[PDB]
Amino acid sequence: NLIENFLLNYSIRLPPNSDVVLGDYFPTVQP
Amino acid sequence: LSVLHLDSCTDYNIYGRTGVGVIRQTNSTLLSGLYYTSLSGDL
Amino acid sequence: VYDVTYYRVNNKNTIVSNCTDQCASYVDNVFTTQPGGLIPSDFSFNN
Amino acid sequence: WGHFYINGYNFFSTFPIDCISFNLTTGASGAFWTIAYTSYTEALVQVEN
Ligand SMILES: *[C@@H]1O[C@H](CO)[C@@H](O[C@@H]2O[C@H](CO)[C@@H](O[C@@H]3O[C@H](CO)[C@@H](O)[C@H](O)[C@@H]3O)[C@H](O)[C@H]2NC(C)=O)[C@H](O)[C@H]1NC(C)=O
Ligand SMILES: *[C@@H]1O[C@H](CO)[C@@H](O[C@@H]2O[C@H](CO)[C@@H](O)[C@H](O)[C@H]2NC(C)=O)[C@H](O)[C@H]1NC(C)=O
Ligand SMILES: *[C@@H]1O[C@H](CO)[C@@H](O)[C@H](O)[C@H]1NC(C)=O
């Protein structure tokens, strides 16, 4: 959920009506 | 000029390629290129 | 973090979901370059 | 050498180019993309559609 929250803040900049795929050096789940 | 006559037999000159044939609009998609030819060199 | 990870964001309803398999094959256009400057054999070449 | 290719086709050309300046962004769309610096080589390529 920590990663989910990160994405929730990151995506604030998006338009009110959009479906996008975001690609970045996001925090991951394994290491 | 760019006058194109569709669904009829026409004498065409398309991007330098000439000949006689029937030109029709298709619903296909090809992302790359401007024009496509055959093994014989025909448009 | 060493590389790029993809997530899908739906703001129509924001819902965040993983993009790891079939959808990863439509937008993933980035790769690690191999020594010699070679493109990996599993690259999609989408663009 | 000044050749501009769009979707694989050489639509137009200019004089040989030493340097290219650019400032491109997708902005708020949240879209990603890449810039590749490449060189020519011989290769066998399989094409479909
Ligand atoms: C640049 O534009 C292309 C399209 O010209 C984008 O590719 C498209 O990506 C979407 C997914 O985001 C694909 O949709 C899929 O359709 C299938 C239908 O069988 C469905 O089952 C999947 O669930 C999904 O809805 C679409 O096919 C695909 N079109 C292509 C590959 O031509 C591309 O993502 C855009 N660029 C970037 C950087 O995102
Ligand atoms: C190539 O495609 C364009 C864009 O659809 C065609 O231009 C349109 O033609 C219709 C029919 O006369 C006009 O009502 C539109 O106003 C034109 N759009 C624009 C932006 O000019 C064009 O005719 C097609 N080329 C050929 C040779 O058929
Ligand atoms: C094009 O239209 C024909 C009907 O004449 C249809 O059978 C075919 O599947 C359509 N192709 C595409 C790509 O829409």
# chains A, B, ... in the order shown; residues from 1 in each chain; ligands from 1
>>> interface_residues(of="chain A", to="chain C", cutoff="7 Å", atoms="only C-alpha atoms", output="MDAnalysis selection string")
chainID A and resid 4 16:27
>>> residues_near_ligand(ligand="ligand 3", cutoff="12 Å", atoms="only C-alpha atoms and all ligand atoms", output="list in words")
residues 24, 25, 26, 27, 28, 29 and 30 of chain B
>>> atom_distance(atom1="atom 8 (C, counted along the ligand's line) of ligand 1", atom2="CA of residue 46 (chain C)")
9.3 Å
>>> atom_distance(atom1="CA of residue 35 (chain D)", atom2="CA of residue 15 (chain D)")
22.3 Å
>>> closest_atom_pairs(of="chain D", to="ligand 1", cutoff="12 Å", atoms="only C-alpha atoms and all ligand atoms", output="CSV")
residue,atom,partner,partner_atom_place_in_ligand_line,distance
D:26,CA,ligand 1,38 (C),10.1
D:29,CA,ligand 1,39 (O),10.2
D:30,CA,ligand 1,39 (O),9.3
D:31,CA,ligand 1,38 (C),5.7
D:32,CA,ligand 1,38 (C),5.3
D:33,CA,ligand 1,38 (C),5.6
D:34,CA,ligand 1,38 (C),8.9
D:49,CA,ligand 1,32 (O),11.7
>>> residues_around(residues="region 3-14 of chain B", least_positions_apart="3", cutoff="9 Å", atoms="only C-alpha atoms", output="list in words")
residues 17, 18, 19, 20, 21, 22, 23, 24, 25, 35 and 43 of chain B
>>> select_by_dssp(residues="chain D", states="strand (DSSP E)", output="ChimeraX atom specification")
/D:3-6,9-13
>>> interface_residues(of="chain B", to="chain D", cutoff="8 Å", atoms="only C-alpha atoms", output="PyMOL selection string")
chain B and resi 30-34
>>> write_last_selection(atoms="N, CA and C atoms", output="short mmCIF file (atom, residue, chain, number, x, y, z; two decimals), in the first residue's frame")
data_model
loop_
_atom_site.label_atom_id
_atom_site.label_comp_id
_atom_site.auth_asym_id
_atom_site.auth_seq_id
_atom_site.Cartn_x
_atom_site.Cartn_y
_atom_site.Cartn_z
N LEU B 30 -1.65 0.32 -41.91
CA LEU B 30 -0.22 0.07 -42.01
C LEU B 30 0.47 1.30 -41.49
N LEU B 31 1.24 1.15 -40.43
CA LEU B 31 1.83 2.30 -39.77
C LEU B 31 2.96 2.93 -40.55
N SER B 32 3.78 2.10 -41.16
CA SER B 32 4.97 2.58 -41.85
C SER B 32 4.77 2.73 -43.34
N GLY B 33 5.53 3.66 -43.91
CA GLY B 33 5.61 3.80 -45.35
C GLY B 33 4.64 4.78 -45.96
N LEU B 34 4.87 5.08 -47.23
CA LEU B 34 4.02 5.96 -48.00
C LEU B 34 3.27 5.18 -49.07
#
>>> atom_distance(atom1="CA of residue 42 (chain C)", atom2="CA of residue 36 (chain D)")
17.5 Å
